[PDB]
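Enquirer: The structure's right below; bear with me while I get my questions together.
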Amino acid sequence: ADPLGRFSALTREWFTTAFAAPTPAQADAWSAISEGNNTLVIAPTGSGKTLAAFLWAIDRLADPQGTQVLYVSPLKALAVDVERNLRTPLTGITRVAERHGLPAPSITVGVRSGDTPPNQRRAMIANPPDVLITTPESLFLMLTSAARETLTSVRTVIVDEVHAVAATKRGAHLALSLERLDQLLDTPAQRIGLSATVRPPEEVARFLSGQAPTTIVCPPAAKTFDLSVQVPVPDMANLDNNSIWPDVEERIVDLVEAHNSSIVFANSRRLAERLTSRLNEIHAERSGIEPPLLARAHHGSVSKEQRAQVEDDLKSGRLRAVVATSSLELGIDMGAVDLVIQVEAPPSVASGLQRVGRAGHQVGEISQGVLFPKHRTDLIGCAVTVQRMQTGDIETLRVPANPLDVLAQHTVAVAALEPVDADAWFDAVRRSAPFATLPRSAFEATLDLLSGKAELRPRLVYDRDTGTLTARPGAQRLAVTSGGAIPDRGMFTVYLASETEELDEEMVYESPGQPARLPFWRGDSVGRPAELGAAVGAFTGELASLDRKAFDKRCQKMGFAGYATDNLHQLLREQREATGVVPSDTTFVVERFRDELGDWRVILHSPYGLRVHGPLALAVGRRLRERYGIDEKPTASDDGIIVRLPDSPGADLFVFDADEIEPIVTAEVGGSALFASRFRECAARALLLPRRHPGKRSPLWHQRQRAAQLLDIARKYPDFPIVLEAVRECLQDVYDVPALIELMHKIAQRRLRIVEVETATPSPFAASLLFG
DNA sequence: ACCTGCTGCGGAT
Ligand SMILES: *O[C@@H]1[C@H](O)[C@@H](COP(=O)(O)OP(=O)(O)NP(=O)(O)O)O[C@H]1n1cnc2c(N)ncnc21
Ligand SMILES: [Mg+2]
């Protein structure tokens with residue numbers, strides 16, 4: 001049993017002098033990779049998955065022309081960190097080679113991202129590196145230019161953090177780029193995927209390899225986390241101060257000053273800039289200084305120069321704290337970071353495991369992680385998150401099926417340089433995972449829209465007698481300036497693409513002391529998943545029924561600290577005192593009260609996430625304007641639905657038959673604000689909207705105007721591929737209709753209770769749903 | 001009172 005016996009003597013001798021022994025994930029991965037199989041490596045953050053995917057390819061490059069290895073990272077910071085960390089093995093091979101009198105190998109390593117200056121991009125095409133590190137977006141650019149000629153020799157493709165794109169149109173974008181690559185090679189490259197958070201393994205492996213078989217490497221995972229949920233104030237409902245931020249910022253500086261290097265994660269860029277300002281202002285007042293800053297920001301809007309210095313000073317431990325977004329969530333190996341702080345509950349359990357994983361990033365080390373709730377109901381969010389992280393209960397991922405807009409974009413790009421065979425392009429598309437069942441009718445339908453069908457611009461010419469697609473002038477410049485799959489989002493700061501007479505684009509689509517509508521806020525993308533929503537209610541119900549003893553025991557195995565136990569107990573007690581019972585996975589609560597203006601307000605309490613409450617609000621809305629004649633559309637969130645009715649009220653308003661749900665949602669989604677937004681993002685991603693400058697993505701006000709003016713014409717044609725895909729994304733990717741159906745099935749089974757209660761003043765849970 | 005998510009981002013003249 002020798003995992004290093006396969007490699008040459010030099011690489012074997014180096015790895016022995018560098019590490020005590022390979023990890024199980026390395027030994028298994030080297031076996032599968034060396035035998036030629038596509039391999040998905042599933043192991044915790046301290047497992048050495050980088051060398052698992054790289055070392056065999058490195059050994060072959062060391063053995064006595066063109067880019068040979070292609071590493072793809074979803075994050076730029078990780079891409080640069082991999083380049084720096086590959087210096088240790090390459091430097092070691094050289095030391096060992098020369099120790100034994102052999103000539104040193106020359107292995108080049110390059111990084112191609114958006115930060116690469118033009119002159120360096122030209123140097124990387126004239127002299128391509130043996131190991132190319134890049135992003136999915138940039139891989140798309142090289143495949144849609146003369147740079148692809150350097151990729152004709154690629155033998156290995158590493159897709160790091162494959163879970164981060166598997167369930168998105170960004171990964172479908174990546175899935176097609178890789179198939180376009182395989183068509184540039186004599187032999188499709190070997191594909192290797194890495195992730196500590198894979199569920200289900202078989203589906204992520206299907207995303208990585210498409211139709212090719214995948215050896216799944218997933219050895220027994222032992223990763224120790226030291227998690228903690230700290231609440232600095234004794235009562236979040238009655239704060240001595242204007243806000244909870246001052247006491248939170250205090251404990252963070254306390255935690256940073258107590259640890260060598262810490263990463264503080266914020267769920268937005270503005271909050272990261274804010275906290276960095278606060279943490280420095282606190283550190284200065286404590287140290288009599290007006291002298292390095294204690295903390296510095298890292299996120300997408302930071303320049304590359306400042307970003308580079310933050311990563312370098314973090315790599316060396318010079319920087320004691322960095323306040324980052326998800327730009328540092330994955331992969332980075334900062335040996336000086338022994339603490340990760342998460343402000344607010346993270347967007348998912350998997351991300352919390354990835355973020356906290358940055359700390360203790362060595363084999364066998366513990367990852368220390370502290371979560372700070374922002375408000376009362378966020379404390380439950382952080383607790384459930386810590387709970388699921390300790391048991392590894394992450395979300396189940398599902399590859400979006402047949403995303404036609406992603407296809408249309410690649411179709412312009414694959415034919416931007418040459419004429420492509422429609423059959424061959426279809427054959428390659430079906431080899432990817434997201435299009436394995438693509439109907440040929442949908443394929444030709446997409447080509448028709450790109451060619452011939454007038455507020456849009458077609459970008460290709462289709463010869464059906466020959467089966468050939470050719471590009472119209474500027475197709476390449478259109479594809480390369482597209483930006484990929486990530487959509488242009490933006491908020492109406494008052495009004496842009498105005499309607500005068502900050503707000504969410506969807507809230508805006510639904511346009512002194514008089515009753516007002518509550519601004520609907522979609523944080524970003526889909527919302528809470530149904531399985532995690534169930535876990536939230538089961539946590540709330542369980543802990544709201546424990547004597548203080550079992551309660552305290554339960555909180556301490558989550559790492560509750562400060563006053564987290566007091567505030568959770570008080571929160572559930574007060575919610576119990578207000579509605580008798582607390583909402584849970586088995587009991588929904590319908591709460592009713594009258595506004596100070598005399599208007600009724602009926603709130604549905606349920607933890608099952610926005611993916612279920614989104615479509616449920618559509619159904620309630622249809623009934624409200626049909627059965628009651630009220631056109632005000634209800635506000636939906638992760639933790640329930642808010643309805644407002646002028647004074648004339650029941651819970652049967654929310655209850656529907658299981659077979660009634662899916663048809664209703666299908667009929668209402670076409671007029672909803674979500675569909676208008678996702679039709680715009682789809683139309684732009686398909687490269688069909690007219691832009692203001694050929695080599696520049698049109699401003700958001702202009703996308704909206706042209707997309708809205710296009711939809712008013714496309715509504716007339718229900719078979720329009722953009723309409724089809726917009727409906728496809730809303731119902732399958734945003735909503736979770738199967739979850740909404742079984743929820744109604746359970747309510748019909750009398751297995752999900754419902755309680756009507758009238759309150760004199762909003763309960764704690766109702767107060768939270770009202771703007772906070 | 002939390003004061004309303006991120007990721008990435010031309011090329012050929
Ligand atoms: O060189 C590595 C690094 O310093 C850490 C962890 O290695 P990673 O390659 O970053 O492991 P992961 O990619 O899985 N981390 P994440 O899931 O991306 O977050 O340990 C070093 N290292 C590698 N291999 C070993 C062995 N065998 N022993 C000790 N340290 C090792
Ligand atoms: Mg990794």
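The chains in the structure tokens are called A, B, ... from first to last as shown; in each chain the residues are counted from 1, and the ligands are counted from 1 in the order shown.
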Could you go through segment 666-772 of chain A and tell me which residues DSSP, when run on the backbone, assigns to strand (DSSP E), listing them as a compact mmCIF listing (two decimals) with N, CA, C and O atoms, in the first residue's frame?
Expert:
```txt
# COMPACT_ATOMS: atom_id res chain seq x y z
N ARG A 753 -50.42 21.25 11.13
CA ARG A 753 -51.44 22.02 11.82
C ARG A 753 -51.43 23.47 11.34
O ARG A 753 -50.44 23.97 10.81
N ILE A 754 -52.56 24.14 11.53
CA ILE A 754 -52.69 25.57 11.28
C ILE A 754 -53.51 26.17 12.42
O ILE A 754 -54.51 25.59 12.85
N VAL A 755 -53.07 27.33 12.91
CA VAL A 755 -53.68 27.98 14.06
C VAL A 755 -54.01 29.42 13.69
O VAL A 755 -53.14 30.15 13.20
N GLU A 756 -55.26 29.82 13.91
CA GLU A 756 -55.66 31.22 13.78
C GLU A 756 -55.58 31.88 15.15
O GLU A 756 -56.07 31.33 16.14
N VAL A 757 -54.98 33.07 15.19
CA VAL A 757 -54.90 33.85 16.41
C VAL A 757 -55.00 35.33 16.05
O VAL A 757 -54.48 35.76 15.02
N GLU A 758 -55.72 36.08 16.88
CA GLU A 758 -55.80 37.53 16.75
C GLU A 758 -55.03 38.17 17.89
O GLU A 758 -55.26 37.84 19.06
```
Enquirer: Using only C-alpha atoms (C1' of nucleotides) and all ligand atoms, find each protein or nucleic acid residue lying at most 12 Å from ligand 2; present the set as a PyMOL selection string.
Expert: chain A and resi 25+40-54+71-75+78-79+81-82+85+158-164+192-197+329-333+354+357-358+361-362
Enquirer: Could you please determine the separation between atom CA of residue 723 of chain A and atom CA of residue 614 of chain A in Å, to one decimal place?
Expert: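 Separation between atom CA of residue 723 of chain A and atom CA of residue 614 of chain A: 19.2 Å.
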Enquirer: Name the residues of segment 520-646 of chain A that fall into alpha helix (DSSP H) according to DSSP on the backbone, using the chain letters and numbers of this document, as an NGL selection string.
Expert: :A and (530-543 or 548-556 or 564-579 or 610-623)
Enquirer: What does the structure give for the distance between atom CA of residue 658 of chain A and atom CA of residue 581 of chain A, in Å to one decimal?
Expert: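 Between atom CA of residue 658 of chain A and atom CA of residue 581 of chain A the gap is 25.7 Å.
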Enquirer: Write out as a ChimeraX atom specification which residues come within 12 Å of residue 178 of chain A when counting only C-alpha atoms (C1' of nucleotides), dropping same-chain ones fewer than 2 positions away.
Expert: /A:70-72,135-137,139-140,142-143,148,151,154,156-159,171-176,180-185,188-191,207-210,410,428-429,431-433
Enquirer: Excluding residue 18 of chain A and any residue of its chain fewer than 6 positions from it, enumerate the residues within 10 Å of it, using only C-alpha atoms (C1' of nucleotides), and give them as JSON, numbers by chain.
Expert: {"A": [88, 89, 92]}
Enquirer: Write the selection just made, keeping N, CA and C atoms, as a CSV table (one decimal), in the first residue's frame?
Expert:
```
chain,number,residue,atom,x,y,z
A,88,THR,N,5.5,25.8,-4.1
A,88,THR,CA,6.1,24.8,-3.1
A,88,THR,C,6.4,23.5,-3.8
A,89,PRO,N,5.4,22.8,-4.5
A,89,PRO,CA,5.8,21.6,-5.1
A,89,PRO,C,6.8,21.7,-6.3
A,92,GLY,N,10.2,22.2,-5.0
A,92,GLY,CA,10.7,21.0,-4.3
A,92,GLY,C,11.1,20.0,-5.3
```
Enquirer: Determine which residues of chain B sit within 6 Å of chain A, taking into account only C-alpha atoms (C1' of nucleotides), and present them as a VMD selection string.
Expert: chain B and resid 1 to 2 5 to 6 9 to 10
Enquirer: Figure out the distance between atom CA of residue 417 of chain A and atom CA of residue 442 of chain A, please, to one decimal in Å.
Expert: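 Pair atom CA of residue 442 of chain A / atom CA of residue 417 of chain A returns 24.0 Å.
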